[PDB]
Visitor: 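The structure follows.
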Amino acid sequence: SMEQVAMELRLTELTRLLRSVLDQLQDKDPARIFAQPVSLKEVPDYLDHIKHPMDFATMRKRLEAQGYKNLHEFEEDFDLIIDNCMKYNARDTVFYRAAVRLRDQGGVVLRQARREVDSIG
């Protein structure tokens with residue numbers, strides 16, 4: 001149909017917007033602490049602690065498969081990165097502190113992306 005195609009143009013545009021948003025969030029992690037999944041070779045017990053692991057490479061795979069239907073789903077994944085980190089790592093660690101900074105600096109980006117998604121539809 002002509003409709004399914006119009007839909008597909010929107011999703012493709014959402015994917016385009018979310019790609020830019022993801023790039024902006026990941027620039028707030030210059031140490032690349034959240035770039036890749038936590039290694040299960042190097043942290044073998046990780047899944048006993050964290051039931052739903054997330055990282056920026058994994059979000060990118062989903063993004064490029066146009067696997068995010070709305071901003072809410074995207075945000076859910078970004079919040080997993082931060083929240084997983086703040087549970088697994090203690091307050092006095094470079095990892096916890098990196099998550100706090102990512103959360104705080106990401107808020108600004110996410111606030112404007114919400115306005116843009118509502119605005120552009």
Side-chain angles (χ1 to χ4, degrees), residues 1-2 4-6 8 11-15 17-40 42-60 62-68 70-110 112-119 121:
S1 74
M2 191 54 256
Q4 288 305 321
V5 153
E8 288 150 23
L11 186 57
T12 291
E13 282 311 304
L14 177 69
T15 301
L17 188 152
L18 297 177
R19 187 181 305 110
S20 163
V21 173
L22 187 61
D23 290 336
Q24 283 180 80
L25 293 172
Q26 189 157 21
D27 284 334
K28 307 317 188 154
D29 174 29
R32 298 194 66 83
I33 289 164
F34 302 106
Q36 293 290 335
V38 171
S39 170
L40 304 180
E42 303 179 353
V43 190
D45 78 348
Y46 190 68
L47 305 182
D48 297 347
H49 294 271
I50 294 303
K51 298 299 173 189
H52 300 100
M54 193 42 57
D55 67 271
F56 286 131
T58 297
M59 290 186 65
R60 205 169 285 284
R62 175 162 172 194
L63 180 65
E64 290 308 336
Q66 303 187 342
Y68 293 115
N70 51 53
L71 185 59
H72 183 78
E73 290 187 341
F74 185 88
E75 286 170 316
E76 287 203 326
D77 272 356
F78 180 68
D79 286 338
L80 272 179
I81 294 176
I82 297 304
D83 288 343
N84 287 344
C85 185
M86 292 176 75
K87 296 168 187 78
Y88 187 81
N89 304 103
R91 206 152 42 247
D92 70 346
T93 64
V94 60
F95 305 106
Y96 186 112
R97 288 168 173 282
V100 164
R101 294 164 61 82
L102 179 64
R103 191 196 56 192
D104 289 355
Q105 300 199 300
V108 186
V109 168
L110 294 169
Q112 207 60 32
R114 167 47 66 202
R115 295 192 66 83
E116 284 176 285
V117 154
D118 292 350
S119 176

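When reading the values below, keep in mind they use all heavy atoms of this one structure, side chains included, and skip hydrogens, waters and symmetry mates. Position 1 is the first residue of the sequence; numbering continues from there.
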Visitor: Considering all heavy atoms of both residues, which atom of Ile81 and which atom of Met59 are nearest to each other, and what is their separation?
Guide: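 Shortest heavy-atom separation between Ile81 and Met59 comes out as CD1-SD, 3.7 Å.
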Visitor: With sequence neighbours left out, write down each residue that passes side-chain contact (heavy atoms from CB on, under 4.5 Å) with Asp83, or none if nothing qualifies.
Guide: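 side-chain contact (heavy atoms from CB on, under 4.5 Å) check on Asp83 returns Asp79, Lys87.
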Visitor: Describe, in one word, how the ring planes of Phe56 and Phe78 are oriented to each other, choosing from parallel (under 30°), tilted (30 to 60°) and perpendicular (over 60°).
Guide: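 The rings of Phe56 and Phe78 lie parallel, inter-plane angle below 30°.
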Visitor: Nearest heavy-atom pair of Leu80 and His52: which atoms, and what distance?
Guide: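 In terms of heavy atoms, the two residues are closest at CD1-O, 3.5 Å.
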Visitor: Looking only at heavy atoms, what is the nearest atom pair of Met86 and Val100, with distance?
Guide: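 Smallest heavy-atom distance, with atoms named: CE-CG2, 3.6 Å.
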Visitor: Assess whether atom CZ of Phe95 is packed by more than 12 heavy atoms of other residues, nucleotides or ligands within 6.0 Å.
Guide: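 Counting other residues, nucleotides and ligands, CZ of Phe95 stays at 12 neighbours or fewer.
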Visitor: I need the minimum non-hydrogen distance between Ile82 and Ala99, along with the two atoms involved.
Guide: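 In this case the closest contact between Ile82 and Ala99 is CD1-O, 3.5 Å.
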Visitor: Salt bridge or not for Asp118 and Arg114, using N-O below 4.0 Å?
Guide: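 Judged by the 4.0 Å cut-off on N to carboxylate O distance, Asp118 and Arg114 do form a salt bridge.
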Visitor: Walk me through it: do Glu8 and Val5 pass the test side chain to side chain contact (heavy atoms under 4.5 Å, CB included)?
Guide: CA-CA 5 Å; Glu8 288 150 23; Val5 153; 3.9 Å; yes
Visitor: To the closest 0.5 Å, what do you measure between CG (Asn70) and CD (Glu75)?
Guide: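 Going from the CG atom of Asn70 to the CD atom of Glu75 covers 9.0 Å.
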Visitor: Is there a donor-acceptor pair closer than 3.5 Å between any side-chain N or O of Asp55 and the backbone N or O of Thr58?
Guide: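 Side chain of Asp55 to backbone of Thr58, a donor-acceptor pair under 3.5 Å: yes, one is there.
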Visitor: Side chain of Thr93, backbone of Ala90: donor and acceptor closer than 3.5 Å?
Guide: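 Between the backbone of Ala90 and the side chain of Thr93 there is a qualifying donor-acceptor contact (under 3.5 Å).
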Visitor: Pairs of donor and acceptor atoms involving the side chains of residues 25-35, under 3.5 Å and at least two apart or interchain, shall be tabulated with distances.
Guide:
{"residue": "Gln26", "atom": "OE1", "partner": "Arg60", "partner atom": "NH2", "Å": "2.9"}
{"residue": "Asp29", "atom": "OD1", "partner": "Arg32", "partner atom": "N", "Å": "3.2"}
{"residue": "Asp29", "atom": "OD1", "partner": "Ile33", "partner atom": "N", "Å": "3.0"}
{"residue": "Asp29", "atom": "OD2", "partner": "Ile33", "partner atom": "N", "Å": "3.3"}
{"residue": "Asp29", "atom": "OD2", "partner": "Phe34", "partner atom": "N", "Å": "2.9"}

Visitor: Using a 6.0 Å cut-off, check whether atom CZ of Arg101 has over 12 heavy atoms from anything other than its own residue.
Guide: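 Incorrect, the count does not exceed 12.
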